[PDB]
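Participant: This is the structure I have questions about; it appears just below.
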Amino acid sequence: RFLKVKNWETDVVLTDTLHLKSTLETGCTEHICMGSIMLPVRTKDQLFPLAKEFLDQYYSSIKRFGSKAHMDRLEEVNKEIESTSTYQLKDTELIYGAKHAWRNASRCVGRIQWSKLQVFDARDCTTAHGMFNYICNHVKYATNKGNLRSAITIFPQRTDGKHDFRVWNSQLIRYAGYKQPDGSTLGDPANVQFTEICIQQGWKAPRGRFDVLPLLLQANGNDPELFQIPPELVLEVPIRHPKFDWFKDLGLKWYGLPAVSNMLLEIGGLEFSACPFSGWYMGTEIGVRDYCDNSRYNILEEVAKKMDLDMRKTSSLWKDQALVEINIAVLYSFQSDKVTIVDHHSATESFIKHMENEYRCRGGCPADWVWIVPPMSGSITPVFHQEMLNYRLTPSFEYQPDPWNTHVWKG
Amino acid sequence: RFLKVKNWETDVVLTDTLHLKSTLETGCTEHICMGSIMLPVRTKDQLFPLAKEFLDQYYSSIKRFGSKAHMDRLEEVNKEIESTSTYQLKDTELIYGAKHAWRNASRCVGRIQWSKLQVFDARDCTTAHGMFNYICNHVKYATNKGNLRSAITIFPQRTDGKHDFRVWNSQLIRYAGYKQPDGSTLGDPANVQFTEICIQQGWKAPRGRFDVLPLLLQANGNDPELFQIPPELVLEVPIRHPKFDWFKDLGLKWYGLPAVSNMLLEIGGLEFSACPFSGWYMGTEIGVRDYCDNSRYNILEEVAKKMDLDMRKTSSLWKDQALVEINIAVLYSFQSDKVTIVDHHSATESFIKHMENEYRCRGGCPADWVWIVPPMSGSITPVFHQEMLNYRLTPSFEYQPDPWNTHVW
Ligand code: HEM
Ligand code: HEM
Ligand SMILES: CNCCc1cc(C#N)cc(OCc2ccc3c(C)cc(N)nc3c2)c1
Ligand SMILES: CNCCc1cc(C#N)cc(OCc2ccc3c(C)cc(N)nc3c2)c1
Ligand SMILES: C[C@H](O)[C@H](O)[C@H]1CNc2nc(N)[nH]c(=O)c2N1
Ligand SMILES: C[C@H](O)[C@H](O)[C@H]1CNc2nc(N)[nH]c(=O)c2N1
Ligand SMILES: [Zn+2]
């Protein structure tokens with residue numbers, strides 16, 4: 001069964017055969033599409049097929065399919081599942097798994113870079129302090145004084161689900177949010193809940209509009225612990241605008257390293273519940289979502305005011321106008337400080353090339369249009385007129401429940 | 001199986017029960033989502049369940065479900081089908097059918113106005129000249145001197161597929177597209193092929209670039225005929241900018257009346273191949289789409305150039321900045337000339353209200369996030385953080401092959 005996607009801007013057609021390798025499910029049916037829904041304990045019974053499938057993939061990619069090396073490895077993993085009810089990945093396997101999880105991440109516009117991931121194996125870690133140490137080295141290596149480098153750090157896999165490693169932060173670096181008594185929010189509204197947890201766990205909040213949050217780290221199923229990333233490791237960029245001198249006076253800055261830490265890495269049935277990964281920012285992530293979203297910093301209005309915009313009628317597009325300027329300033333700031341950033345035009349063009357290259361050498365590229373198209377200027381980026389097929393491949397990154405909702409407290 | 005959708009900006013949760021009454025298919029499966037794909041004759045046995053399904057919802061909507069009247073009409077249609085192999089809608093059913101075809105159009109952000117559709121029954125029409133007349137009356141009524149009103153005009157239903165009524169234009173009003181020897185195009189690149197087909201069938205093009213295309217009308221499956229819409233019926237808006245008075249000299253205008261004419265309307269099994277319908281523009285449909293789309297006017301370059309923006313690297317966001325000004329202007333021009341137009345903030349906010357309404361009174365509202373989200377500034381509109389469920393209800397508007405690929409000549 002061959003499937004076709006058309007680019008309606010260039011009439012280019014591609015043929016997806018890769019969707020047949022799809023194991024997981026979308027949530028869609030023949031009678032309903034859940035394409036815009038954000039979100040749609042493992043026994044040896046269903047593990048070896050998941051293991052076998054992964055090892056078949058791996059040994060295929062290294063062109064050793066059905067070799068004695070391949071067959072012994074299967075046999076070896078089998079006996080280990082038979083006797084220990086889990087199994088350990090070799091280093092080569094882990095690296096492959098991490099890179100393909102990213103490659104398979106259908107909502108990621110930045111996957112042209114997937115094969116250049118720096119994989120830190122932290123499977124020997126046993127304590128939160130050791131987690132803190134691995135994360136510091138990640139941040140330092142990834143940041144690289146502004147010349148950002150893709151990296152992922154992988155903590156030990158889940159076992160009986162009672163001894164999980166978790167990074168409780170949604171990102172390694174993120175600013176606090178404080179609900180004031182009068183209903184207003186100081187800092188980043190997105191992080192109010194997590195801030196409160198941290199504070200309960202004994203964090204001394206400076207209560208400023210741009211305080212870096214502490215790391216809240218859980219090793220081996222134990223209660224999480226608070227650590228402060230060394231300020232000198234957190235690279236930040238003051239936000240100014242190239243024509244607007246008053247923009248600097250808005251007092252804004254943002255951190256340079258986007259590093260997501262609350263997801264789950266699945267490789268051959270194994271689950272890595274703590275697997276922080278990082279790349280670099282597309283400008284709109286900060287400028288459109290992190291400032292202008294109504295449930296965020298919402299400087300939108302204050303930027304509009306200082307531009308002396310007609311803020312009466314929305315048909316003046318003052319909202320649209322301020323949004324462009326804020327994204328202009330975000331790109332301007334990061335470039336001026338030689339901190340790696342990409343604009344949404346560059347990233348989408350790059351992705352289209354990636355996708356075509358993927359269809360030719362892999363027979364497909366799973367892609368989530370709803371998430372790949374940029375949150376501003378959609379139709380003037382080339383992904384907008386690009387049909388995309390969405391399906392789920394393993395290895396993968398998955399969502400998992402917030403740890404504070406599932407964790408059993410030791411004391 | 002009582003599905004829930006969440007707004008992530010507001011945490012409002014709605015529960016969708018209406019999707020269980022879905023008949024048609026989406027194109028997706030458990031293994032693959034086709035949510036971004038643009039495009040995924042009836043026997044007696046196929047027809048009657050379709051008729052019954054339609055008549056059942058009709059009589060429920062008028063609170064006379066299971067009534068003598070209901071049962072009367074069911075037997076009545078049933079008998080006509082076994083005899084004539086088809087049937088005819090009562091006027092009331094036609095109006096209900098049409099309005100609900102709009103209500104169910106999951107890709108339409110304008111559906112809050114769905115019940116105020118003006119239906120023009122054109123089923124007595126027999127010729128292209130007749131179609132032209134019904135269409136001129138539609139255009140004039142809809143336009144209403146700039147105060148636009150929704151309308152649909154419905155021509156005879158398909159019979160045996162050889163007697164089809166078809167409006168060959170994609171819209172009633174659209175500018176011509178001529179490609180120059182030079183290489184590029186002038187007029188409107190989307191219409192290049194059709195502009196050729198008109199000339200190919202005898203149109204004499206004014207080869208300016210805002211030349212309103214002729215109508216190409218097909219009655220009862222005959223060869224189609226060219227007709228020129230009276231210019232005084234074609235309301236146009238000169239495009240100026242409220243702050244940049246160099247903008248006027250770009251020489252741009254657009255027509256006030258968006259009127260889609262190539263879709264098929266399906267009611268209780270019956271197929272209306274000619275059914276032009278019209279409302280009023282969302283600003284972005286002309287500015288983010290009919291000016292800057294690289295496969296159309298693509299005047300972005302020209303605009304930024306005499307905004308003298310730094311067009312050296314994409315990271316200056318000059319395209320974005322220009323895109324916004326063009327759209328500010330479109331809105332400004334229409335409002336200035338008192339021609340109806342809605343901005344993308346207003347329409348999306350309207351739709352959220354409409355959506356809530358439909359969950360409340362109907363139990364659901366099929367919606368295609370990929371088309372509902374405007375082509376600019378998506379994330380600062382309320383629909384962006386709105387989860388939506390997409391499914392196919394009937395009555396519906398559907399796509400159909402372009403006539404020139406089909407029509408036996
Ligand atoms: C190197 C430059 C990268 C860029 C520019 C980039 C860009 C993006 C953007 C803009 C999104 C949409 C998220 C949103 O708007 O909320 C996204 C999603 C995602 N990215 Fe990438 N990314 C990069 C690197 C990476 C890396 C290194 C990984 C993993 C190792 C990764 C994995 C993912 C995943 C799993 C998602 C889906 C999130 C979800 O399902 O909620 N990305 N990316
Ligand atoms: C009155 C104001 C209206 C507004 C503002 C509006 C807005 C829109 C917009 C922005 C689209 C996106 C399509 C594109 O960008 O190319 C759309 C699609 C659509 N509209 Fe509405 N519309 C209106 C009235 C109507 C009426 C009166 C009908 C029919 C009774 C209708 C039926 C449809 C259908 C069927 C589609 C999708 C066609 C497809 O599946 O490709 N609309 N509309
Ligand atoms: C406004 N969107 C918030 C929704 C969201 C949820 C989760 C989770 N869990 C993770 C998310 O992250 C997406 C993502 C992941 C990794 C990224 C990397 C490595 C770099 C980058 N520039 N953006 C990313 C973006 C987003
Ligand atoms: C660039 N996208 C083109 C895809 C498209 C195809 C067809 C068809 N056939 C019909 C389409 O119609 C969209 C539409 C239909 C009716 C509208 C009405 C009545 C009013 C309005 N403002 N926009 C409409 C927009 C679109
Ligand atoms: C490929 C892509 O899905 C397709 O071009 C769609 C995307 N969203 C759209 N949205 C609107 N409003 N109009 C369109 O024509 C499209 N085109
Ligand atoms: C409801 C909606 O699907 C949800 O808010 C999605 C839409 N598209 C998105 N796209 C990106 N890049 N990031 C997001 O967080 C979202 N959110
Ligand atoms: Zn789907």
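To be explicit about the labels: the chains of the structure tokens are called A, B, and onward in the order shown, and within each one the residues are counted from 1, while ligands get numbers from 1 in the order they are shown.
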Residues within 9 Å of ligand 6, counting only C-alpha atoms and all ligand atoms: report them as a count of residues only.
Facilitator: 31
Participant: How close does each residue of chain A get to ligand 1, giving the shortest atom pair and distance in Å to one decimal for every residue with an atom at most 8 Å away, counting only C-alpha atoms and all ligand atoms, sorted by chain and residue number, as a Markdown table?
Facilitator:
```
| residue | atom | partner | partner_atom_place_in_ligand_line | distance |
| --- | --- | --- | --- | --- |
| A:38 | CA | ligand 1 | 41 (O) | 7.5 |
| A:98 | CA | ligand 1 | 30 (C) | 6.9 |
| A:99 | CA | ligand 1 | 30 (C) | 6.9 |
| A:101 | CA | ligand 1 | 30 (C) | 7.3 |
| A:102 | CA | ligand 1 | 29 (C) | 4.8 |
| A:105 | CA | ligand 1 | 35 (C) | 5.0 |
| A:106 | CA | ligand 1 | 37 (C) | 7.1 |
| A:107 | CA | ligand 1 | 37 (C) | 4.8 |
| A:108 | CA | ligand 1 | 18 (C) | 3.9 |
| A:109 | CA | ligand 1 | 7 (C) | 5.2 |
| A:110 | CA | ligand 1 | 4 (C) | 4.1 |
| A:111 | CA | ligand 1 | 23 (C) | 6.6 |
| A:113 | CA | ligand 1 | 1 (C) | 6.2 |
| A:114 | CA | ligand 1 | 27 (C) | 6.9 |
| A:117 | CA | ligand 1 | 27 (C) | 6.5 |
| A:149 | CA | ligand 1 | 1 (C) | 7.5 |
| A:150 | CA | ligand 1 | 27 (C) | 5.0 |
| A:151 | CA | ligand 1 | 27 (C) | 6.1 |
| A:152 | CA | ligand 1 | 30 (C) | 5.8 |
| A:260 | CA | ligand 1 | 29 (C) | 7.9 |
| A:263 | CA | ligand 1 | 35 (C) | 7.7 |
| A:277 | CA | ligand 1 | 30 (C) | 4.9 |
| A:278 | CA | ligand 1 | 27 (C) | 4.8 |
| A:279 | CA | ligand 1 | 1 (C) | 3.6 |
| A:280 | CA | ligand 1 | 2 (C) | 4.4 |
| A:281 | CA | ligand 1 | 5 (C) | 5.1 |
| A:282 | CA | ligand 1 | 5 (C) | 4.7 |
| A:284 | CA | ligand 1 | 10 (C) | 7.5 |
| A:285 | CA | ligand 1 | 15 (O) | 5.6 |
| A:289 | CA | ligand 1 | 15 (O) | 7.7 |
| A:341 | CA | ligand 1 | 5 (C) | 7.6 |
| A:342 | CA | ligand 1 | 5 (C) | 6.5 |
| A:347 | CA | ligand 1 | 5 (C) | 6.7 |
| A:371 | CA | ligand 1 | 12 (C) | 6.1 |
| A:372 | CA | ligand 1 | 12 (C) | 6.8 |
| A:374 | CA | ligand 1 | 10 (C) | 7.6 |
| A:375 | CA | ligand 1 | 15 (O) | 7.8 |
| A:396 | CA | ligand 1 | 35 (C) | 7.5 |
| A:397 | CA | ligand 1 | 35 (C) | 5.0 |
| A:398 | CA | ligand 1 | 40 (O) | 7.0 |
| A:399 | CA | ligand 1 | 40 (O) | 7.2 |
```
Participant: Write a file of the selected residues as a tab-separated table (two decimals), in the first residue's frame, keeping N, CA and C atoms.
Facilitator:
```tsv
chain	number	residue	atom	x	y	z
A	38	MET	N	-3.93	17.40	21.62
A	38	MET	CA	-2.54	17.47	22.09
A	38	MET	C	-2.02	16.11	22.59
A	98	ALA	N	18.30	6.65	20.59
A	98	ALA	CA	18.09	8.07	20.87
A	98	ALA	C	17.99	8.90	19.58
A	99	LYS	N	18.84	8.61	18.60
A	99	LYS	CA	18.85	9.38	17.37
A	99	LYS	C	17.58	9.14	16.55
A	101	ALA	N	14.62	8.05	17.80
A	101	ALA	CA	13.51	8.62	18.54
A	101	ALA	C	13.29	10.06	18.07
A	102	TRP	N	14.37	10.81	17.93
A	102	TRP	CA	14.26	12.20	17.47
A	102	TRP	C	13.82	12.22	16.02
A	105	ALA	N	10.22	11.81	15.59
A	105	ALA	CA	9.37	12.74	16.31
A	105	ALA	C	8.64	13.62	15.29
A	106	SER	N	7.43	13.22	14.96
A	106	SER	CA	6.73	13.78	13.81
A	106	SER	C	6.32	15.25	14.01
A	107	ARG	N	6.27	15.71	15.27
A	107	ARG	CA	5.97	17.11	15.56
A	107	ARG	C	7.21	18.03	15.60
A	108	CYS	N	8.39	17.54	15.23
A	108	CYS	CA	9.64	18.32	15.34
A	108	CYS	C	10.12	18.85	14.00
A	109	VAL	N	10.17	20.17	13.88
A	109	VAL	CA	10.50	20.81	12.62
A	109	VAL	C	12.01	20.83	12.42
A	110	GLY	N	12.73	20.51	13.49
A	110	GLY	CA	14.18	20.62	13.49
A	110	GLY	C	14.95	19.34	13.20
A	111	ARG	N	14.25	18.32	12.73
A	111	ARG	CA	14.84	17.02	12.54
A	111	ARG	C	15.88	16.89	11.44
A	113	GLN	N	18.63	17.85	11.68
A	113	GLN	CA	19.83	17.72	12.50
A	113	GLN	C	19.96	16.40	13.26
A	114	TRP	N	18.98	15.51	13.09
A	114	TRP	CA	18.77	14.36	13.98
A	114	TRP	C	19.98	13.44	14.13
A	117	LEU	N	23.38	14.05	17.10
A	117	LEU	CA	22.96	14.17	18.48
A	117	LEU	C	24.09	13.64	19.35
A	149	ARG	N	24.89	22.93	20.76
A	149	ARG	CA	25.13	21.56	20.30
A	149	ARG	C	23.98	20.69	20.78
A	150	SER	N	23.40	19.88	19.89
A	150	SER	CA	22.32	18.94	20.26
A	150	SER	C	22.84	17.86	21.18
A	151	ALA	N	22.14	17.61	22.28
A	151	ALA	CA	22.60	16.60	23.22
A	151	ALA	C	21.43	16.00	23.96
A	152	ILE	N	21.57	14.74	24.37
A	152	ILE	CA	20.59	14.11	25.25
A	152	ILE	C	21.33	13.34	26.33
A	260	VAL	N	14.40	19.93	26.91
A	260	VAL	CA	13.16	19.36	27.41
A	260	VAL	C	13.44	18.10	28.22
A	263	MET	N	9.88	14.22	29.18
A	263	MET	CA	9.34	13.21	28.27
A	263	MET	C	9.94	11.84	28.52
A	277	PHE	N	16.70	16.34	26.79
A	277	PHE	CA	17.36	16.59	25.51
A	277	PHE	C	17.24	18.06	25.13
A	278	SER	N	18.18	18.51	24.30
A	278	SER	CA	18.32	19.92	24.03
A	278	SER	C	18.82	20.10	22.62
A	279	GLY	N	18.47	21.24	22.03
A	279	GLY	CA	18.96	21.63	20.72
A	279	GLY	C	19.18	23.12	20.78
A	280	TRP	N	18.57	23.85	19.84
A	280	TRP	CA	18.51	25.29	19.93
A	280	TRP	C	17.13	25.83	19.48
A	281	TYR	N	16.85	27.07	19.89
A	281	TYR	CA	15.54	27.66	19.69
A	281	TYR	C	15.24	28.08	18.26
A	282	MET	N	14.02	27.78	17.82
A	282	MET	CA	13.39	28.53	16.72
A	282	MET	C	12.85	29.78	17.38
A	284	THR	N	10.35	31.76	17.08
A	284	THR	CA	8.94	31.93	17.43
A	284	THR	C	8.55	31.21	18.72
A	285	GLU	N	9.29	30.17	19.10
A	285	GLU	CA	9.06	29.50	20.37
A	285	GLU	C	9.11	30.47	21.54
A	289	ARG	N	5.17	32.37	21.43
A	289	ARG	CA	4.54	31.60	22.50
A	289	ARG	C	4.95	32.12	23.89
A	341	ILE	N	20.39	30.55	17.07
A	341	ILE	CA	18.93	30.60	16.93
A	341	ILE	C	18.63	30.39	15.46
A	342	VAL	N	17.41	29.96	15.14
A	342	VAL	CA	16.97	29.88	13.75
A	342	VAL	C	15.59	30.56	13.61
A	347	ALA	N	14.02	27.43	9.26
A	347	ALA	CA	13.69	26.11	9.80
A	347	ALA	C	12.69	25.31	8.95
A	371	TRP	N	1.58	20.82	14.14
A	371	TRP	CA	2.67	21.25	15.00
A	371	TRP	C	3.88	21.77	14.22
A	372	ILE	N	4.11	21.21	13.03
A	372	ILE	CA	5.20	21.68	12.18
A	372	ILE	C	4.97	23.13	11.66
A	374	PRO	N	4.55	26.91	11.63
A	374	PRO	CA	4.85	27.97	12.60
A	374	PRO	C	3.61	28.71	13.08
A	375	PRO	N	3.63	29.16	14.35
A	375	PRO	CA	2.54	29.88	15.02
A	375	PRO	C	2.36	31.34	14.58
A	396	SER	N	10.71	6.14	20.08
A	396	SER	CA	9.99	7.40	20.14
A	396	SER	C	10.13	8.14	21.48
A	397	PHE	N	9.88	9.45	21.44
A	397	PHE	CA	9.63	10.22	22.65
A	397	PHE	C	8.13	10.28	22.92
A	398	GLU	N	7.77	10.04	24.17
A	398	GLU	CA	6.37	9.99	24.56
A	398	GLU	C	6.12	10.92	25.73
A	399	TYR	N	4.86	11.31	25.92
A	399	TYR	CA	4.45	12.02	27.12
A	399	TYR	C	4.34	11.03	28.27
```
Participant: With only C-alpha atoms and all ligand atoms counted, collect every polymer residue having an atom within 10 Å of ligand 7; state the result as a PyMOL selection string.
Facilitator: (chain A and resi 26-37+368+389-391) or (chain B and resi 26-37+368+389-391)
Participant: Write a file of the just-selected residues containing N, CA, C and O atoms, as a short mmCIF file (atom, residue, chain, number, x, y, z; two decimals), in the first residue's frame.
Facilitator:
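Now in result25.cif:
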```cif
data_model
loop_
_atom_site.label_atom_id
_atom_site.label_comp_id
_atom_site.auth_asym_id
_atom_site.auth_seq_id
_atom_site.Cartn_x
_atom_site.Cartn_y
_atom_site.Cartn_z
N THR A 26 -2.59 6.14 16.13
CA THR A 26 -2.68 7.60 16.06
C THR A 26 -3.75 8.17 16.98
O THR A 26 -3.62 9.29 17.48
N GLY A 27 -4.80 7.39 17.23
CA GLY A 27 -5.97 7.90 17.91
C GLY A 27 -7.07 8.20 16.90
O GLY A 27 -8.24 8.36 17.26
N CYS A 28 -6.71 8.25 15.63
CA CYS A 28 -7.71 8.49 14.59
C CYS A 28 -8.43 7.21 14.25
O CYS A 28 -7.93 6.13 14.52
N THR A 29 -9.61 7.34 13.65
CA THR A 29 -10.29 6.21 13.04
C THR A 29 -10.75 6.63 11.65
O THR A 29 -10.47 7.75 11.21
N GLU A 30 -11.48 5.75 10.98
CA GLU A 30 -11.99 6.05 9.64
C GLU A 30 -13.17 7.01 9.72
O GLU A 30 -13.63 7.52 8.70
N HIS A 31 -13.64 7.27 10.94
CA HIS A 31 -14.82 8.10 11.15
C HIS A 31 -14.54 9.31 12.03
O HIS A 31 -15.40 10.18 12.20
N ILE A 32 -13.34 9.38 12.61
CA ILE A 32 -12.96 10.57 13.36
C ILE A 32 -11.47 10.88 13.22
O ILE A 32 -10.63 9.97 13.17
N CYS A 33 -11.16 12.17 13.13
CA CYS A 33 -9.78 12.61 13.12
C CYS A 33 -9.48 13.38 14.38
O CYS A 33 -10.16 14.36 14.70
N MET A 34 -8.45 12.93 15.09
CA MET A 34 -8.04 13.55 16.34
C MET A 34 -6.71 14.26 16.15
O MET A 34 -5.96 14.49 17.09
N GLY A 35 -6.47 14.65 14.90
CA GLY A 35 -5.26 15.33 14.50
C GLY A 35 -4.89 16.60 15.24
O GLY A 35 -3.76 17.04 15.15
N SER A 36 -5.83 17.21 15.97
CA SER A 36 -5.48 18.41 16.73
C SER A 36 -5.61 18.22 18.23
O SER A 36 -5.63 19.18 18.98
N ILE A 37 -5.73 16.98 18.68
CA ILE A 37 -5.72 16.70 20.11
C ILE A 37 -4.26 16.65 20.57
O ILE A 37 -3.43 15.97 19.95
N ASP A 368 3.59 15.93 11.67
CA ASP A 368 2.38 16.47 12.25
C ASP A 368 2.22 17.95 11.85
O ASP A 368 2.76 18.86 12.50
N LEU A 389 1.90 13.09 6.13
CA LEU A 389 1.35 11.90 6.78
C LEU A 389 1.84 11.78 8.21
O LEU A 389 3.04 11.91 8.50
N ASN A 390 0.91 11.55 9.12
CA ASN A 390 1.25 11.39 10.51
C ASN A 390 1.01 9.95 10.96
O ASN A 390 -0.08 9.40 10.80
N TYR A 391 2.08 9.35 11.48
CA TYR A 391 2.01 8.01 12.05
C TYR A 391 3.14 7.85 13.05
O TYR A 391 4.06 8.67 13.08
N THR B 26 -13.29 9.74 7.03
CA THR B 26 -12.33 10.85 7.15
C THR B 26 -11.09 10.71 6.29
O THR B 26 -10.47 11.70 5.93
N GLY B 27 -10.72 9.48 5.97
CA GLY B 27 -9.46 9.25 5.30
C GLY B 27 -8.38 8.73 6.25
O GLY B 27 -7.41 8.12 5.81
N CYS B 28 -8.55 8.96 7.56
CA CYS B 28 -7.59 8.45 8.57
C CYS B 28 -7.85 7.00 8.99
O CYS B 28 -8.91 6.45 8.74
N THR B 29 -6.86 6.39 9.65
CA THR B 29 -7.04 5.10 10.31
C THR B 29 -6.39 5.11 11.69
O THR B 29 -5.89 6.14 12.14
N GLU B 30 -6.39 3.97 12.37
CA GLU B 30 -5.68 3.87 13.65
C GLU B 30 -4.19 4.04 13.44
O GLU B 30 -3.47 4.45 14.34
N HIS B 31 -3.73 3.73 12.23
CA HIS B 31 -2.30 3.70 11.95
C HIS B 31 -1.76 4.94 11.24
O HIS B 31 -0.55 5.15 11.22
N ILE B 32 -2.63 5.75 10.68
CA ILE B 32 -2.16 6.94 9.97
C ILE B 32 -3.20 8.06 9.93
O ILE B 32 -4.39 7.83 9.68
N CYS B 33 -2.73 9.28 10.20
CA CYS B 33 -3.59 10.45 10.17
C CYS B 33 -3.34 11.22 8.90
O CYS B 33 -2.19 11.54 8.58
N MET B 34 -4.45 11.52 8.21
CA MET B 34 -4.45 12.24 6.93
C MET B 34 -5.04 13.62 7.06
O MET B 34 -5.42 14.24 6.07
N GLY B 35 -5.10 14.11 8.30
CA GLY B 35 -5.67 15.40 8.61
C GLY B 35 -5.16 16.60 7.83
O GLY B 35 -5.77 17.66 7.90
N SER B 36 -4.07 16.45 7.09
CA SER B 36 -3.49 17.57 6.35
C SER B 36 -3.56 17.36 4.84
O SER B 36 -3.04 18.16 4.05
N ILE B 37 -4.18 16.26 4.43
CA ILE B 37 -4.40 15.99 3.02
C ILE B 37 -5.55 16.88 2.53
O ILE B 37 -6.58 16.99 3.20
N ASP B 368 -12.06 21.26 11.44
CA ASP B 368 -10.79 20.87 10.87
C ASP B 368 -9.74 21.95 11.22
O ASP B 368 -9.55 22.93 10.48
N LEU B 389 -12.40 18.22 16.93
CA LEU B 389 -12.67 16.90 16.39
C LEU B 389 -13.21 17.04 14.98
O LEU B 389 -14.17 17.79 14.75
N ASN B 390 -12.59 16.35 14.03
CA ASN B 390 -13.04 16.42 12.64
C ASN B 390 -13.72 15.14 12.20
O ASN B 390 -13.16 14.04 12.32
N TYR B 391 -14.94 15.29 11.69
CA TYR B 391 -15.73 14.16 11.19
C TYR B 391 -16.75 14.68 10.18
O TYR B 391 -17.06 15.86 10.16
#
```
Participant: Using only C-alpha atoms, determine which residues lie at most 8 Å from segment 118-125 of chain A, disregarding the query and same-chain residues fewer than 2 positions distant; provide the list as a list in words.
Facilitator: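 Counting only the stated atoms, we get residues 91, 95, 98, 116, 127, 130, 131, 134, 138, 149, 150, 151, 152, 153, 154, 155, 156 and 157 of chain A.
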Participant: Please give me, as JSON, numbers by chain, the residues lying within 9 Å of ligand 4 when counting only C-alpha atoms and all ligand atoms.
Facilitator: {"B": [38, 107, 108, 109, 110, 150, 151, 152, 170, 171, 190, 257, 258, 259, 260, 261, 262, 263, 264, 276, 277, 278, 279, 280, 281, 282, 283, 285, 289, 290, 341, 342, 398, 399, 400, 401, 402]}
Participant: Suppose we keep C-alpha atoms; can you now write the selection as an mmCIF file, in the first residue's frame?
Facilitator:
```cif
data_model
loop_
_atom_site.group_PDB
_atom_site.id
_atom_site.type_symbol
_atom_site.label_atom_id
_atom_site.label_comp_id
_atom_site.auth_asym_id
_atom_site.auth_seq_id
_atom_site.Cartn_x
_atom_site.Cartn_y
_atom_site.Cartn_z
ATOM 1 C CA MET B 38 -6.428 18.413 0.892
ATOM 2 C CA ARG B 107 -13.304 23.567 7.335
ATOM 3 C CA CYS B 108 -15.412 26.743 7.564
ATOM 4 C CA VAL B 109 -14.612 29.318 10.225
ATOM 5 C CA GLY B 110 -17.657 31.411 9.298
ATOM 6 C CA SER B 150 -25.131 34.872 2.602
ATOM 7 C CA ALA B 151 -26.769 32.996 -0.237
ATOM 8 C CA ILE B 152 -26.850 29.773 -2.200
ATOM 9 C CA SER B 170 -14.314 27.905 -9.316
ATOM 10 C CA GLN B 171 -15.827 31.146 -8.091
ATOM 11 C CA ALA B 190 -4.491 30.262 -9.909
ATOM 12 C CA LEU B 257 -18.009 38.806 -3.109
ATOM 13 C CA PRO B 258 -16.503 35.383 -2.428
ATOM 14 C CA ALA B 259 -18.789 32.928 -4.141
ATOM 15 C CA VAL B 260 -17.642 29.340 -4.527
ATOM 16 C CA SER B 261 -19.175 27.588 -7.468
ATOM 17 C CA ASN B 262 -17.456 24.265 -8.131
ATOM 18 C CA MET B 263 -18.654 22.213 -5.165
ATOM 19 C CA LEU B 264 -21.363 19.562 -4.945
ATOM 20 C CA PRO B 276 -22.832 28.384 -6.164
ATOM 21 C CA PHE B 277 -22.724 29.840 -2.636
ATOM 22 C CA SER B 278 -21.415 33.044 -1.230
ATOM 23 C CA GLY B 279 -20.836 34.904 1.995
ATOM 24 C CA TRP B 280 -18.216 37.533 2.743
ATOM 25 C CA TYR B 281 -14.378 37.467 2.980
ATOM 26 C CA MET B 282 -12.148 37.000 5.968
ATOM 27 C CA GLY B 283 -9.403 39.583 5.416
ATOM 28 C CA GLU B 285 -8.272 35.168 2.293
ATOM 29 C CA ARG B 289 -3.535 34.248 0.322
ATOM 30 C CA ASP B 290 -4.599 36.225 -2.776
ATOM 31 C CA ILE B 341 -15.314 42.035 5.781
ATOM 32 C CA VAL B 342 -14.184 40.290 8.953
ATOM 33 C CA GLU B 398 -18.169 17.947 -1.365
ATOM 34 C CA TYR B 399 -15.515 18.258 -4.017
ATOM 35 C CA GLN B 400 -16.131 17.066 -7.553
ATOM 36 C CA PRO B 401 -13.925 16.578 -10.637
ATOM 37 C CA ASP B 402 -13.237 19.638 -12.785
#
```
Participant: Can you work out which one of B:155, B:332, B:409, B:371 has the shortest atom-to-atom distance to ligand 5, counting only C-alpha atoms and all ligand atoms?
Facilitator: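 Selected residue with least distance to ligand 5: B:371.
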Participant: Using only C-alpha atoms and all ligand atoms, find each protein or nucleic acid residue lying at most 7 Å from ligand 5; present the set as a list in words.
Facilitator: residues 7, 8, 384, 385, 386 and 387 of chain A; 36, 37, 38, 370, 371, 372, 373, 374 and 375 of chain B
Participant: List as a list in words the protein and nucleic acid residues near residue 396 of chain B, meaning an atom at most 8 Å away when only C-alpha atoms are counted, but skip any in the same chain fewer than 6 places from it.
Facilitator: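 Counting only the stated atoms, we get residues 100, 101, 102, 104, 105, 265, 266 and 267 of chain B.
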Participant: Hey, what does DSSP flag as helix (DSSP H, G or I) within segment 235-335 of chain A? Can you give it to me as an NGL selection string?
Facilitator: :A and (245-250 or 283-292 or 300-306 or 314-316 or 318-335)
